[PDB]
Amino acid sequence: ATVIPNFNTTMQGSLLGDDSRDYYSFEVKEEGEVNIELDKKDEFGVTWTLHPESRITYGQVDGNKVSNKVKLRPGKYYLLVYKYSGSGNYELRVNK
């Protein structure tokens, strides 16, 4: 996984051709709501799935944005960005 070292900060990714999955992780130190936002930089079928290291959460696809909010306990989390159709690039933010 690519470590996302802080919140409210943009990551760039790419899912062209054979590249169908990108892996991230982040750590929560204080309980609270996170807003995970993917912004498509190309039109294609992309979403994400969050699961804890120790309930899973999915992105909700709203046009160019694929996002959701969830209250997370302290711990490590894994975030899979993956495609289901086509190819393209994206930006990703874990807001808190």
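Residue positions are given as counts along the sequence shown, with the first one as 1.
Can you check if, in at least a third of the other PDB entries compared, residue 71 has no modelled coordinates? Result for residue 71: never missing in the compared entries.
In at least a third of the other compared PDB entries, does residue 40 have no coordinates? Across the compared entries, residue 40 is modelled every time.
If you count the residues of the deposited sequence that sit between residue 54 and residue 55 but have no coordinates, do you get none, 1 to 3, 4 to 9, or 10 or more? Count of unmodelled residues in between: 4 to 9.
Can you let me know which of the two, 5 to 13 or 70 to 78, has the higher average C-alpha B-factor in the entry? Mean CA B-factor is higher for 5 to 13.
Mean C-alpha temperature factor, higher of 42 to 50 and 22 to 30: The stretch with the larger mean CA B-factor is 22 to 30.
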